[PDB]
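Working notes for the structure below.
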Amino acid sequence: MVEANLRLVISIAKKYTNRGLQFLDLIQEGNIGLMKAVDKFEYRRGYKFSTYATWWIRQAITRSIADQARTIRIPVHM
DNA sequence: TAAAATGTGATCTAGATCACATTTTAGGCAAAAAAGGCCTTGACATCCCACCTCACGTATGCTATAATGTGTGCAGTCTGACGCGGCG
Numbered sequence: 379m380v381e382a383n384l385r386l387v388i389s390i391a392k393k394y395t396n397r398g399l400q401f402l403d404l405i406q407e408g409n410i411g412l413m414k415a416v417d418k419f420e421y422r423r424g425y426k427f428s429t430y431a432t433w434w435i436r437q438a439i440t441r442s443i444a445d446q447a448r449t450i451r452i453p454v455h456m
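The first sequence begins at 379 in the deposited numbering and counts up one residue at a time.
Below, the structure is given as structure tokens:
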């Protein structure tokens, strides 16, 4: 599953590899959200998988950029 | 020889005498008491300490139409010598 959907991970990743942090870190975090979605996904919902891990990936990257990527940590609320 | 010094002598005038009683008052010796030095007491004032203390802030979780191989805006190519790994 994971080795299959790596291209989803990288595709979504490089929408956000504008000069925020760096490519490969967005990619790696994307693989983390991917592994979550593989751990959680239900076939019985019968939907496509792409959407599910799209959400999960996007969460993971979207707050790893914010936790990291600065010398001064601004937490999520600000 | 000009100009300053020298005798008339009786009539006075501010202080000293002189023995003894009474003050004083030292000065200096004993000290009473008061006001510092010693401590205490009551009363205040201000805390240090810390002991709590709720609101706001913060660490973390999912969101099911679906979407799946970068690139990406740069460098302008300095150059002469010296090592080293191919390169026959």
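Note that beta-carbon positions come from the ideal geometry of N, C-alpha and C, so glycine has one too.
Range covered by the alpha helix (DSSP H) that runs through residue 474: Residue 474 falls outside the range modelled here, since the chain spans only 379 to 456, and no answer is possible.
Bounding residues of the alpha helix (DSSP H) (the contiguous stretch that carries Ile-435): Here residue 435 refers to the residue found at position 57 of the first sequence. Note, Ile-435: alpha helix (DSSP H), 427-445.
So what's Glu-407 in DSSP terms, helix, strand or just coil? Along the first sequence, read from residue 1 onward, the residue named residue 407 stands at position 29. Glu-407 falls in the helix class under three-state DSSP.
Please name the residue in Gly-408, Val-416, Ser-389 whose C-alpha comes closest to that of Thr-440. Within the first sequence, the letter at position 62 stands for residue 440. The candidate whose alpha carbon is nearest that of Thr-440 is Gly-408.
Could you tell me whether the region 446-456 touches the region 413-428, where touching means 3 or more Cβ pairs closer than 8 Å? The region 413-428 and the region 446-456 do not touch, with fewer than three beta-carbon pairs separated by less than 8 Å.
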